[PDB]
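Below, chain A is the first sequence line, B the second, and so on; all start at residue 1. In what follows, every heavy atom counts, from backbone to side chain, and hydrogens, waters and symmetry copies are set aside.
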There are 4 protein chains.
Amino acid sequence: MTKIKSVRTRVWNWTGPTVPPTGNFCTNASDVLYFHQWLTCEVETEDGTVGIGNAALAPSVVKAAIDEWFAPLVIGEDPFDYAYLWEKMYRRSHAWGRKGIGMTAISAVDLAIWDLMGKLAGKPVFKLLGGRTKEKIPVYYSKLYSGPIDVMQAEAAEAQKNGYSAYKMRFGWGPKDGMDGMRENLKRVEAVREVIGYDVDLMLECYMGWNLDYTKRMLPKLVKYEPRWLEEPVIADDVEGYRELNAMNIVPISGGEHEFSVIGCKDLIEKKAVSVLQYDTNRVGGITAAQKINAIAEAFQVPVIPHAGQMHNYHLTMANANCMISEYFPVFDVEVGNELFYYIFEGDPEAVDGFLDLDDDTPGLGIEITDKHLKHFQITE
Amino acid sequence: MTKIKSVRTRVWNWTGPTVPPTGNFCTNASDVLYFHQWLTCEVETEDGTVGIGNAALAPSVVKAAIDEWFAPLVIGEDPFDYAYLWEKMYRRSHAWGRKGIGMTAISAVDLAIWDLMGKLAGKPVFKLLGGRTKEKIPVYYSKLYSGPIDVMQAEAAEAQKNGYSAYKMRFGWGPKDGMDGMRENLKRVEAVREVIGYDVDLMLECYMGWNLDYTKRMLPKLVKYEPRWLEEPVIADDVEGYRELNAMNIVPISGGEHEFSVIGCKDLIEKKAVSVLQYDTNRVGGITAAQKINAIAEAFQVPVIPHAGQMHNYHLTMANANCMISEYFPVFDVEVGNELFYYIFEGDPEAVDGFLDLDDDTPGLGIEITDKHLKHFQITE
Amino acid sequence: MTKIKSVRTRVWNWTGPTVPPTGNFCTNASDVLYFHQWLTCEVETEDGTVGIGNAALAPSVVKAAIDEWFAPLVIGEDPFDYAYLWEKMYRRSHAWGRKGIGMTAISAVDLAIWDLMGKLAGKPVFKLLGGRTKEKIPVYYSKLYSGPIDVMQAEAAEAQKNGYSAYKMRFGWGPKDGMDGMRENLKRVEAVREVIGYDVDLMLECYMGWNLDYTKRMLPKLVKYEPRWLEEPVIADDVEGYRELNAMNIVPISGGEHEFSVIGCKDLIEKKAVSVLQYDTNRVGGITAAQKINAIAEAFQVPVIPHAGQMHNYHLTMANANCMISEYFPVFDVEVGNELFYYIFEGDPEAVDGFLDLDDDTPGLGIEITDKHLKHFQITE
Amino acid sequence: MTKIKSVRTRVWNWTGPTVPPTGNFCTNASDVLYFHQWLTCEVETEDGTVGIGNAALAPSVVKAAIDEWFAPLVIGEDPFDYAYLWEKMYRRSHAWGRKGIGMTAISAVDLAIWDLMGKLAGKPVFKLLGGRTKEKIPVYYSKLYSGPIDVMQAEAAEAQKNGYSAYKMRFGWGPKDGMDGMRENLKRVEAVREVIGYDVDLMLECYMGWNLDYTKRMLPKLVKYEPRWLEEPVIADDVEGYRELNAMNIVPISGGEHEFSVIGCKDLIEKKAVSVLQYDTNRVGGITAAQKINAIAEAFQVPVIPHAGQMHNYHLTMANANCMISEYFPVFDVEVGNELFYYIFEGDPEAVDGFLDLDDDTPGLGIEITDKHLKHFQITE
């Protein structure tokens with residue numbers, strides 16, 4: 001048994017070319033009001049093995065938490081005491097850490113620790129989690145930001161070429177735009193359906209942009225388009241609103257990507273706040289947490305479909321039969337900031353004809369930090 | 001109308017003399033496992049007026065959030081747009097901020113902004129909040145850390161001299177110590193009652209040290225001592241456990257000091273998770289938040305008794321009739337870290353014969369950052 | 001600090017020209033059976049400052065309550081002890097005052113006291129409440145009393161010129177008129193939609209004219225017209241009926257304008273009696289009360305849209321992000337009695353292109369009692 | 001059939017000798033803060049018959065409501081259309097009348113109307129209500145205001161002479177007095193039990209003086225004294241608090257004397273807010289209302305024991321088997337104001353050996369307004 005030696009946390013700033021977003025083009029929690037980054041966490045053991053974790057939420061602030069509070073707790077420990085290390089981090093920072101910065105920092109560390117275990121054991125992380133429950137992993141195409149109709153329609157037609165069985169689009173108007181914005185929203189769902197048809201699934205996303213009232217009034221209007229779910233209609237604090245909308249059984253409500261810890265997600269599950277749970281492993285508390293969340297969701301038969309198409313999620317999805325598909329979009333330009341991971345890591349699979357797959361023999365998470373794009377980054381430590 | 005010019009956030013490290021705690025001497029969320037600081041936030045307007053905020057949770061990490069994310073949002077704004085500024089901070093950081101680091105940073109800023117408004121208006125903050133609902137504010141004596149019986153008994157006898165009508169003590173044993181620890185806990189409640197008697201109230205505190213199971217078994221055993229409440233028996237994430245214990249109606253359950261945002265506390269209230277709500281204004285989201293929380297709690301007739309005896313809480317308590325007493329302990333040595341505020345600020349009232357009071361004429365929060373103890377501090381910016 | 005000196009309460013009787021209403025033209029709580037006035041309350045401090053409050057419910061009887069019970073309680077007090085004064089009035093009259101006459105009298109007094117504070121502090125009331133959360137305040141056009149189809153249609157077309165994004169109309173038939181009245185009601189919703197279209201919102205009002213049974217049967221029939229809410233289908237005492245209708249999720253149920261006190265409204269909110277809360281500040285208990293109600297509603301994410309387009313409501317709406325629009329109608333003749341305020345006060349903004357706004361610099365409520373129409377009034381004291 | 005001709009409403013002010021109350025001597029809704037009158041309403045028909053109603057809440061303000069709004073509605077009507085007249089008053093004033101002043105005014109009028117019907121029909125009101133369900137009516141002794149122990153004990157011993165099977169006392173300390181006040185309260189319950197013993201019932205009254213929190217903590221402490229109920233622990237608005245305390249099943253909670261209308265009381269009943277309902281007929285809406293309330297309470301098997309020992313309650317109690325006892329105290333001096341009725345009316349029975357009775361042959365309510373005490377009254381109209 002080798003022990004954790006060091007924790008190297010870095011904040012990556014995109015200095016490369018960018019495409020400024022447009023009007024809309026996605027509703028947001030800030031709508032009611034009038035540098036793109038990523039974080040890497042590399043954990044190395046005395047024997048030189050290195051595990052890679054990451055986070056995207058408030059990277060500099062998360063790095064300061066990892067450096068000051070979490071790194072010192074894991075140094076000199078066996079990675080295979082992961083549950084104990086998770087608990088140690090969770091309880092030592094509980095006062096301020098149980099959601100937000102703390103739990104995100106914990107995720108990045110825990111992710112690295114799992115990469116370690118797989119590398120130390122010569123096994124892909126998914127094997128340690130239960131192994132192969134699926135031949136390959138279907139994905140749904142997740143982009144279709146709101147914009148002019150012809151623009152959105154052309155995007156749908158292009159995406160269609162790679163044979164997805166499901167698609168997700170974003171809304172552009174909310175409560176501030178009243179009924180006219182409702183009509184604009186509906187026009188765009190309509191336009192996307194015209195291209196992709198009704199032999200595929202269409203999911204809708206509000207990104208915390210709406211509210212309980214607007215959502216209750218909009219819901220009946222969405223039925224004709226047969227959406228598979230409506231994601232984050234309300235702000236993440238408004239769990240009672242989630243339950244209320246979900247219990248209406250008009251369109252399945254989804255969320256969780258802004259929820260933290262095992263208990264946090266347990267409460268969304270038990271209270272029937274979501275029909276689909278979409279935590280991001282690099283937020284929710286790491287694989288240690290997500291593994292436990294997956295057991296709960298499975299037992300309640302609430303589908304888990306993690307936010308984000310990355311390895312830190314794909315291995316979890318592979319190992320659990322109640323995780324049937326993953327979120328995906330291919331490597332395009334930097335426009336929103338969530339694409340940054342494709343320029344920092346090598347190893348994230350590319351979907352082909354609606355599927356991607358994991359290698360039975362690649363140890364750990366199967367990612368490495370890459371050189372290819374150092375030119376477009378300013379990296380701080 | 002003058003506008004916010006700058007935000008000056010500093011982390012204070014106690015380098016002065018200290019008294020190392022002992023066995024026990026308070027249960028803790030970390031019990032299941034096998035420098036003292038404070039933060040100041042000074043907001044200054046174009047006309048030189050300065051408002052003082054503060055926080056105690058993870059100060060360096062909170063300062064990094066204030067500096068990077070929150071300060072830039074309030075600069076160039078009217079302090080009297082406080083609700084808008086609160087909302088701006090809350091929604092812009094919602095993804096990662098709604099509890100923990102984010103909401104704590106927001107609290108420190110919001111507190112400064114309220115100090116400003118009172119100074120700008122030549123009114124004590126409590127007047128802006130509704131004014132004087134009480135002749136003076138009764139306090140309960142909040143120390144009595146767990147230790148040898150004679151030690152605890154001597155502390156009680158000393159405290160007794162200042163005529164408190166209520167006292168709170170801490171437990172020293174939890175789930176790990178089984179029945180023997182239960183007996184040790186009960187001996188100490190017993191010992192304190194022997195000194196203070198049954199013509200006063202005794203509150204008990206676990207500081208997240210216990211759990212749902214242990215607490216259910218302990219509750220019947222506490223009845224004979226007539227405790228007024230049992231504070232934070234479980235970890236802050238375990239809200240369902242809170243509800244379950246509270247609904248037993250054996251001893252009133254209290255908590256909230258590790259809860260964040262208006263909605264966070266609304267849920268503790270509506271779900272009957274606590275019989276007494278004890279948020280700390282320098283965590284929960286500032287006075288803007290605490291004012292709204294107080295309205296909810298009042299309407300539900302759940303007493304609000306903020307965690308901590310400081311001005312950032314006392315003004316709130318003065319202005320609302322459902323806030324009947326405050327937490328207090330006088331200026332003693334530095335032993336735990338929570339005493340640090342008495343060496344950084346002047347203006348926090350001292351209880352005399354169980355009461356303290358606010359000045360009808362002192363503008364703002366009535367505190368200032370002091371020189372007296374610069375010798376015992378290393379202050380970083 | 002200056003103290004309250006006097007309270008001057010007057011009842012205004014319209015002696016000017018009037019337009020007698022017609023068949024229908026609005027359902028009413030009295031349908032099951034077979035002088036227009038307003039009240040002013042002027043509170044003056046020792047230094048000559050005067051704050052203006054008002055009420056419209058049973059003015060002579062409300063004046064007698066203010067004069068005998070409430071005025072004497074506030075005289076010689078600091079306006080900035082408003083919360084204490086509110087509590088004093090509320091508890092001293094609780095036995096008979098907690099709703100109806102008492103709470104209405106309290107509202108008028110409390111409103112004056114808030115006008116004072118803003119004037120004393122040289123700030124618009126909304127700044128003291130949290131400040132500017134909105135660029136301007138959208139309004140919905142609130143008239144469209146029931147009548148002949150061409151009449152209603154012409155009103156809609158005229159209103160349309162001022163560019164409202166939402167409209168409210170009144171029903172003319174209820175339970176007594178059975179299915180034929182249902183058809184008459186539906187014809188009129190139909191007729192209004194023909195003019196205004198489906199790119200705007202249409203709200204419907206029953207003014208306590210219907211009942212639980214009739215409403216349950218009517219609800220499915222209203223769906224095709226996509227109404228945004230149905231206001232006061234039942235009498236204000238029938239809160240269980242409200243909950244039952246609201247939980248059907250057929251059309252959002254609204255109400256509250258006949259509800260009183262913070263707790264009164266808290267119960268409508270917690271019990272899910274309304275989807276939209278519409279208290280009138282000059283009934284519900286004044287700004288002191290409405291401010292606390294707004295915090296509760298916001299936390300539950302129940303939109304607050306006060307009954308009546310006046311300053312006593314607009315400032316509240318400006319200061320809270322969960323208050324997104326206000327009720328409005330422009331100055332027309334005296335026909336119903338609710339128009340009387342436009343002839344008594346100057347300062348109530350006029351909506352232009354669907355919006356109105358508040359002045360960042362006008363202290364207090366920004367209203368004054370006017371001379372312009374003394375000719376059409378007989379004023380008693 | 002003769003028709004209502006006039007309504008004569010008068011306010012009686014006691015100018016006679018009085019005994020100023022003392023420290024305590026009863027908790028009150030105003031405790032949290034730091035002329036005695038009665039109303040008569042005489043309704044006369046075209047044939048000279050006169051029915052007598054009354055009220056005690058805010059008499060001048062109630063008279064102004066009766067005079068302006070309610071009298072005009074009943075003039076020229078048959079008294080035997082009482083239900084229609086009740087409905088007419090209730091709905092015409094609903095906006096402002098459904099509780100408080102309005103419903104109290106309605107009570108006084110409705111009471112007169114019932115006196116009329118009995119006189120017109122040559123029957124005691126109780127016969128019209130269902131007749132004699134009891135041989136006589138047991139009463140409980142209702143005084144024992146809080147004071148020095150020997151004083152309270154001497155009162156109990158005196159009362160004991162008239163052979164009551166039940167007694168009610170008032171508490172003198174509340175939330176402001178903390179644990180010491182709890183001990184003072186308990187001493188007095190103890191002292192009263194020492195005199196009266198445990199072969200009788202003891203009821204306790206707080207008169208809205210306590211709160212939900214204090215009451216939950218006090219309840220276990222009251223068990224040893226075997227109280228039959230605890231009356232109005234919280235303010236009348238706090239119905240959720242009532243339900244919560246009542247559901248604890250520690251001591252039966254009672255209330256309702258500050259509740260109004262049939263629906264108001266229905267909600268206390270259905271929601272299990274009280275174990276005993278104690279409306280006062282001269283508040284709750286008159287006999288028309290109380291008759292309907294009695295049917296509801298009976299069906300739910302919630303005992304009805306009206307507040308106040310007067311004819312307006314006794315007839316109701318006689319006619320319903322679920323009304324087993326009445327409140328009583330004999331004619332003593334004027335000290336509190338609630339004794340005033342004994343100096344205004346003749347006909348209210350006097351309890352002897354714990355019982356009083358109604359005359360099978362006396363028409364109407366069996367009361368008349370008396371001359372005996374005109375010397376001690378200034379009567380306004």
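The backbone N or O of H376(C) sits less than 3.5 Å from a side-chain atom of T15(C), completing a donor-acceptor pair. No donor-acceptor pair closer than 3.5 Å links the side chain of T49(C) to the backbone N or O of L120(C). In this structure, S107(C) contributes its side chain and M103(C) its backbone to a donor-acceptor pair below 3.5 Å.
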Evaluation steps, ring-ring contact (aromatic ring centres under 6.0 Å, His included), between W14(C) and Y342(C): CA-CA 12 Å; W14(C) 185 251; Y342(C) 273 134; over 10 Å; no
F377(C) vs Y343(C), test: ring-ring contact (aromatic ring centres under 6.0 Å, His included). Steps then yes/no. CA-CA 9 Å; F377(C) 283 111; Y343(C) 299 91; 7.3 Å; no
Given salt bridge (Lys or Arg N to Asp or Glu O under 4.0 Å), test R132(C) with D360(C) step by step and report yes or no. CA-CA 8 Å; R132(C) 178 176 294 277; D360(C) 287 328; 3.0 Å; yes
Kindly determine whether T370(C) and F345(C) satisfy side-chain contact (heavy atoms from CB on, under 4.5 Å), including the steps that lead there. CA-CA 5 Å; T370(C) 190; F345(C) 313 101; over 6 Å; no
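Looking only at atom types and distance, the side chain of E232(C) has a donor-acceptor partner in the side chain of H258(C) under 3.5 Å away. Judged purely by distance below 3.5 Å, without hydrogens or angles, the side chains of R228(C) and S275(C) never pair a donor atom with an acceptor atom. There is no side-chain donor-acceptor pair under 3.5 Å between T2(C) and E46(C). Using modelled atom types, one finds a donor on one side chain and an acceptor on the other under 3.5 Å when comparing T288(C) with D110(C). Counting only N and O atoms by type, the side chains of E257(C) and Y207(C) include no donor and acceptor under 3.5 Å apart. Using modelled atom types, one finds no donor on one side chain facing an acceptor on the other under 3.5 Å when comparing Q301(C) with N211(A). Side chains of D237(D) and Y90(C): a donor on one and an acceptor on the other come within 3.5 Å. Between the side chains of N320(C) and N294(C), no donor N or O sits under 3.5 Å from an acceptor N or O. In this model, a donor atom of one side chain and an acceptor atom of the other lie less than 3.5 Å apart for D280(C) and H312(C).
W86(B) has its ring centre no less than 6.0 Å from the ring centre of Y82(B). Between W229(C) and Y140(C), the gap from one ring centroid to the other is short of 6.0 Å.
If you run side-chain hydrogen bond (donor to acceptor under 3.5 Å, both in side chains) between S254(C) and each of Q278(C), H307(C), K168(C), only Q278(C) comes through.
Ring pair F341(C)/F329(C) is perpendicular by interplanar angle, where above 60° counts as perpendicular and below 30° as parallel.
Salt-bridge check for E346(C) with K372(C): failed, with every basic side-chain N at 4.0 Å or more from each acidic carboxylate O. With respect to the salt-bridge test (charged N to carboxylate O, under 4.0 angstrom), the residues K134(C) and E87(B) do not qualify. With respect to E381(C) and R8(C), a salt bridge is recorded, a charged nitrogen being found less than 4.0 Å from a carboxylate O. Between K123(C) and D361(C) there is no salt bridge, since no side-chain N of the basic residue sits under 4.0 Å from a carboxylate O of the acidic one.
The line from NZ of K266(C) to CZ of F300(C) is 9.0 Å long, rounded to the nearest 0.5 Å. A distance of 4.5 Å separates OG of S60(D) from CD of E68(C), quoted to the nearest 0.5 Å. Between the CD atom in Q378(C) and the OG1 atom in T380(C) there is a gap of 6.0 Å [rounded to 0.5 Å].
Heavy-atom contacts from other residues, nucleotides or ligands closer than 6.0 Å to OH of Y34(A) number more than 12.
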